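Computed over heavy atoms, backbone and side chain alike; hydrogens, waters and symmetry mates excluded. Proteins get letters first, then strands, A, B, ... in listed order; numbering begins at 1 in each.
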Amino acid sequence: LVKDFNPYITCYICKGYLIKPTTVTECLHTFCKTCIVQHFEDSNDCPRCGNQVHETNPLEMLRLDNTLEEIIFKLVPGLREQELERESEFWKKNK
Amino acid sequence: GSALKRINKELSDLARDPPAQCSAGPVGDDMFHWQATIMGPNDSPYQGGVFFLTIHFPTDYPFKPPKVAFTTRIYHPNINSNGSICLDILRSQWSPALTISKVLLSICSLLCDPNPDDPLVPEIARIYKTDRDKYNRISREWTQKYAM
Amino acid sequence: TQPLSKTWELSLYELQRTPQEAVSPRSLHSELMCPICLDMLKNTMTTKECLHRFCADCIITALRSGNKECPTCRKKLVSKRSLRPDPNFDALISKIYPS
Ligand SMILES: [Zn+2]
Ligand SMILES: [Zn+2]
Ligand SMILES: [Zn+2]
Ligand SMILES: [Zn+2]
């Protein structure tokens, strides 16, 4: 049941599936790329555990988790295509 | 037996995903002693050749590299008459995430693109640098003479 | 590879994106494998610099020694601080392969 994996493959910030999963390396907590990048625009704390990143530019401590993305795409078939479609709808409406 | 376990996994991986133009496996049921075969790469002057190698795994594999040498004589600036191979990843640059599959592929790339500024056979490196035609000619000749 | 300011720059799509609202384990072989022992990850430890994953025992044995580099991508591992346990990856593994 795809539902059973939700806790390990969803974003603590937006509660949806992890999209371009991005890891805060100091505490190894992972979020959508957009979610964590935008959070860091006015905070230095991990949104999950509150651990403060020590660099002036918190983006220095981010890494894309490509392995996790591939696992998520295999656990949630169709997700890869749904997000590409979602993006396509945006550009078609704005372009 | 962690080394033996690792070697066995590699064997299974090779059966599932063999490296292009290469094969390898135990000689007569000694898991720590393998033979490999490399078909001469198409791009290279070794084209058509069949090249045999011997592989000896150490007891603490994969944390120490395997010993890999050619048993087929070959005209190449980085491989000598003992069949010893000058290849970074076999010595100074080994890593425990490497496997025989990856080593064979690197050797193929070495056959395609020699490193004359890190040789084992000076005269061959000299010839490769200063006269490619002659290097190709003799490479091909040695391939017909030894790599049946 | 790319400058930091490029890597994390969000597209116009990404600046307005909304959540994506919430089969056989065999196909996950590569993703769950330890690059050192070639078996499924146990007691996962993950490099801070490159997010490469190894069994605790595997990477510890490798580092000592060693060259003090990530076995997968060769990046320097400045210290003991350079690795950290990944319990969430272990739990995901456990849900994929229950005991
Ligand atoms: Zn999110
Ligand atoms: Zn955290
Ligand atoms: Zn391992
Ligand atoms: Zn790495």
Do C:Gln16 and A:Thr34 have side chains that get closer than 4.5 Å, going by heavy atoms?
-> no
So, C:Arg84 versus A:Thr25: side-chain donor-acceptor pair below 3.5 Å or not?
-> no
Closest non-hydrogen atom pair, C:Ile96 against A:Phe5 | CG1-CE2, 3.5 Å
Are A:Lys33 and C:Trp8 close enough that some pair of their side-chain heavy atoms sits under 4.5 Å apart?
-> yes
Got a donor-acceptor contact below 3.5 angstrom from the A:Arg63 side chain to the C:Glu49 backbone?
-> yes
Verdict with supporting geometry, A:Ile71 and C:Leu32, side-chain contact (heavy atoms from CB on, under 4.5 Å) = CA-CA 9 Å; A:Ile71 293 177; C:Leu32 311 176; 3.8 Å; yes
Is there side-chain contact between A:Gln38 and C:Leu15, with at least one heavy-atom pair below 4.5 Å?
-> yes
For C:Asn88 against A:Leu28, the heavy-atom pair lying closest together | ND2-O, 4.4 Å
Work out which heavy atom in A:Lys74 is nearest to a heavy atom in C:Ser27; give both atom names and the distance.
-> NZ-O, 2.7 Å
Measure the shortest side-chain to side-chain distance between A:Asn57 and C:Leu4 over non-hydrogen atoms and say whether it is less than 4.5 angstrom.
-> yes
Do C:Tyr13 and A:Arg86 touch side chain to side chain, with heavy atoms closer than 4.5 Å?
-> yes
C:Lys42, NZ atom: more than 12 neighbouring heavy atoms under 6.0 Å | no
Which residue out of C:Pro19, C:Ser5, C:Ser30, C:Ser11 racks up the most heavy-atom pairs below 4.5 Å with chain A?
-> C:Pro19
Side chains of C:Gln20 and A:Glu83: is there a donor and an acceptor less than 3.5 Å apart?
-> yes
